[PDB]
Amino acid sequence: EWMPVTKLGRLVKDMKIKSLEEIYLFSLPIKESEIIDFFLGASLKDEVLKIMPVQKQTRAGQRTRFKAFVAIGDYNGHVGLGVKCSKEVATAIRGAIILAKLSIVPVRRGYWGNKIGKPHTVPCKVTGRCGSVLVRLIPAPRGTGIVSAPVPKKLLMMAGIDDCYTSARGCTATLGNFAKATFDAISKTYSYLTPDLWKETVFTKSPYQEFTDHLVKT
Amino acid sequence: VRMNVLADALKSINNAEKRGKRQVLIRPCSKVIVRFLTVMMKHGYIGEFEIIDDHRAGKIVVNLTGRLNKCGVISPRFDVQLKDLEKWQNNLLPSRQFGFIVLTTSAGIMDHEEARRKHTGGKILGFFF
Amino acid sequence: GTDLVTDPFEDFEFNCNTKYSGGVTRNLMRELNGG
Amino acid sequence: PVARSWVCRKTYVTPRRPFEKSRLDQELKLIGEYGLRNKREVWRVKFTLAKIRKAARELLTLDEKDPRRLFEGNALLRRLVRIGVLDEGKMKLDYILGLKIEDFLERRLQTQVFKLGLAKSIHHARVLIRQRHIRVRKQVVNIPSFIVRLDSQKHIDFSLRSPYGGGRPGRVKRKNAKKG
Amino acid sequence: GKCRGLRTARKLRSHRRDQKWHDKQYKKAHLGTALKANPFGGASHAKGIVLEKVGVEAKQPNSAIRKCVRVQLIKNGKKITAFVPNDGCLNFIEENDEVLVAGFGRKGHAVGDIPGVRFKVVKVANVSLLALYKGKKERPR
Amino acid sequence: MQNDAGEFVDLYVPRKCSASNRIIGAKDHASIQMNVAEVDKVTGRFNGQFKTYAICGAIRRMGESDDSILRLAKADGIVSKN
Amino acid sequence: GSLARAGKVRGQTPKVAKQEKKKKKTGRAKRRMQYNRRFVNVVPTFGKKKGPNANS
RNA sequence: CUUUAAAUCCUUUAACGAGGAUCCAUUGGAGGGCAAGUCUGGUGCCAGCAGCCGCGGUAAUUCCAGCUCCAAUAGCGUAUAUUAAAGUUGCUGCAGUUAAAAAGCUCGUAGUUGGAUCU
């Protein structure tokens, strides 16, 4: 069993947050990885993108730690990427999985041409950046697949993007920056104001206020 | 010096939109500027605007609704044909679901969709999305 | 006599900077996601 | 000056990445499920689908009321329906982009011979087609990559001169009965 | 910045054509000094007469003796140092016999730890080194 | 957000900043949702209903959040004219 | 630079004959063998996610 | 004597034609790039491999081999030219503070580009 240490975690625990989309709606940070577990079940698959050893020079020699880059996400609209450095590889991987869970972001899927069936591609051209690495995602016709490098391909498949064109620029050989720029581009999908989102936002009551009686009662 | 006042107008609108302001002062005003603003307004991107008349060259105060991602000019004004129009909207527009390319044609200034409907190419002025 | 066995994890931690860095990296990657 | 024709054409494309696990596994699964000889058959069907998708995209970029778009889209949709890879109900250029390589591998004479019960396994189907045991309508078809049209699906029989649908025993049965 | 004018096509074309000469590969291919100084004369292979057998010491990080042959090309009479690839393959080659020599794979650049050697031997006395090495063919005598 | 059949395919509809009408991202932890309590006309007491304003993190960072909330309240009849 | 040792190691490697084995199936049969080995057989794995030629 | 101007060639018929169906598939690889053994012998910075990083100095995942795996397959290596990769020639679409780079500065011709405004 898991005992929440946060108000949001406590609300999620006692079955009164219906979906992760509510937390995403009110921009509330996720501080416990158990919330993501509860909401997304075992549909969350994770893949260790990289294990890289980083060495710090010392008087006696070099102190080597290991940084794990782990991508996670159900292939239906949620993706996250975590990076954790530790003394041993197993702890680094476990922490990177935790941080990838804590960073799950909603992915907006759209259409290329005719809006037939489920959305398959990115809604529009979106660009992410990370330290000289620029990654641009472009809508592609149905059945195209992901036209990208292997690392963005993994990140985009985990996000649920069925097909997408991709352009990259910079030192993409730094897998960390490539992955983080792809993650930035993917997370930029729901921040783009398209004409279908011009409808004035009708506010709903926040969880910290919707169940304030529950929060004060226990 | 100052050339292609439409570039200055569109850059001013873009900068004021990025800063989150509600109004932008465009100067000088021009017929092409007013037509471009009308095309942008008919699609809901820009909202109302008023032309201040000074006796030399007017200014425009443009109210800003925060629906505009980017308004830009294409310089030089390449003479685009209808058969070559699609390539242009591949280079400038975010998706095929929204965004417009503004052309000036023998039938007036209008977006790419209206140019295709009227069956007339022209010269590309700019784009907005 | 017998010999002790090595997990891919400790193998990578020991041979991350050696002639066998490529092999231990590949075997660790195969451990972590090899399905 | 010769009266010959030099019009030839390659029917496949090799992948850009020689060795990647995902593609190798996918193509091996396709080979195993459809009993293909090598990866070149997978690449040939992939190339056919790629050309069809390219044509569909080129037509989709045209105006809806374009005579060329209407004519060529109708022709392509009728062709895809004719061989059985596209359902008659969904005859639209957009539904072409939803096709898969499996749909075109399903229409091979090998797959159809296996699916009609004429063979016990897909490899048995290939060997039967090669050994001249199968005919479509009245023509003895030998090529396992033969793509069956929808109107020829019900006319795949066991030939009239083969021991399996004829009645003349083969070389082995004749020799072994000669001992009695 | 670059000139963006409807009547700047001449300036853009001329500037690109002038700036292409600063591309190393383009100038190498088009100037014609490389093709003049190329011993093969633009060919992929060349036949030559083995002048002698030489041993080239490997570059500093690693130590060995690469068995090469100094040959004289039939076409232009130039002198060439061609690596003899496999082991024991210098024993197949003799003095003054004819060898087919190809490039080393780096388009004129020296390959690996052999310094100043950009050619390798493909055939000796009209029988390939591979067949002799694998025992598929004996040296004609 | 709608396909050809008219079904809503978006995972969710994000909030838009009450000032800039710009989408507030799922990870904008500097963004706020102010609730301002409405007040009875004759007694000046809490009615139980409030009006909400969503402000993005960029406007908060720029220091224009105060003027934004004041303008929203003024246009909303909560802060008196002048 | 001494040319005396040319083909030394290949010259003194103890010659070992190739063992006689059954012929390998070719064409569609070899691909079928690969497919059955790699996708129809899943039991023989020992849970270590190793390779097909691991001998440790 | 089906074809063809006269024999071909596969098409057709018939006889003989498979259990190591010996009627025996090869070419390159197995550290990474990059798919696939730090298995076993030999060698001991030698011989050699290695496009690149690198491997060999008496305990070689890399050479010489034996097994075993894997890539394409009646094909597969190698050299060279060239195209994409190269947004490393950049019109789309690069760069110029410190990584290569803005002329010492100004004038000035050709060139390029040129403010509103007329139903």
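Using the numbering of Swiss-Prot, the residues shown for chain E are 2-142, in order.
The deposited model was determined using electron microscopy, 2.8 Å.
The backbone N, Cα and C atoms fix where each Cβ goes, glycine too.
As recorded in Swiss-Prot, the features of this protein are as follows:
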| type | residues | note |
| --- | --- | --- |
| CROSSLNK | E:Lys37 | SUMO2 cross-link |
| MOD_RES | E:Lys54 | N6-succinyllysine |
| MOD_RES | E:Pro62 | 3-hydroxyproline |
| MOD_RES | E:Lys135 | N6-acetyllysine |
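Here the candidates are the modified residues E:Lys54, E:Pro62, E:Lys135, and by Cα distance the one nearest E:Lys37 (SUMO2 cross-link) turns out to be E:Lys54. Note: E:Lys54 (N6-succinyllysine) has non-local neighbours E:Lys68, E:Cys69, E:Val70, E:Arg71, E:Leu91, E:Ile94, E:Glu96, i.e. same-chain residues 6+ apart with C-beta under 8 A of its own C-beta. Under DSSP, the residue listed as 'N6-acetyllysine' is assigned to coil, being neither helix nor strand in the three-state scheme. A gap of 31 Å separates the Cα atoms of E:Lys135 (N6-acetyllysine) and E:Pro62 (3-hydroxyproline).
DSSP assigns the residue listed as '3-hydroxyproline' to coil, not to a helix or a strand. Among the recorded positions E:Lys37, E:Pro62, E:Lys135, none has a Cβ sitting under 8 Å from a Cβ of chain G. In the structure as shown, the Cβ atom of the residue listed as 'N6-acetyllysine' sits within 10 Å of 10 other Cβ atoms. In the three-state DSSP assignment, the secondary structure recorded for the residue listed as 'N6-succinyllysine' is strand.
In sequence order, E:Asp114 are the residues of the chain that are 6 or more apart from the residue listed as '3-hydroxyproline' and have a CB within less than 8 Å of its CB.
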